[PDB]
């Protein structure tokens, strides 16, 4: 159903790059080194299936980004509480989000770039660098992913 535009984010996506102030969150074995499979908008929430690399196999997990009164802002409960923000989106090609993670009085920032088509994996790296700079992360805090990293 139409949901103010959110429905166009549904379907298959592919993770291209991660960034964080805390490198251990996104480097090998990190809590936020997880990849998108697909999303579906329902009731104004974003429901997603993610893939968690287990070094060999991968596990598929379902999560709900709960809508809030602020648009583009969602609650996501995963390794603590996350305030999730949709930063820059073209539903036909790419999506950039970032999260403020809260885990036992510690906070971290994590950003994520996904695309519809991996042939476009270079095209939005500059856009991702720019969003990262806007939220206070530097280019050396970005991890670019490849087929060898993904599930």
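Numbering follows the first chain given and starts at 1.
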Mean CA B-factor: is it higher for 11 to 19 or for 131 to 139?
131 to 139
Can you tell me whether 25 to 33 has a higher mean C-alpha B factor than 50 to 58 in this record, or the other way round?
50 to 58
Going by the entry, which of 64, 68, 102, 122 has the most elevated CA B factor?
68
Splitting the chain's C-alpha B-factors into thirds, which one does residue 112 fall into?
lowest
Lowest, middle or highest third - CA B-factor, residue 106
highest
Using the B-factors in the PDB entry, rank residue 144's C-alpha atom against the chain and give the third, lowest, middle or highest.
lowest
Tertile call for residue 89 (CA temperature factor, within chain, third-based) is the highest
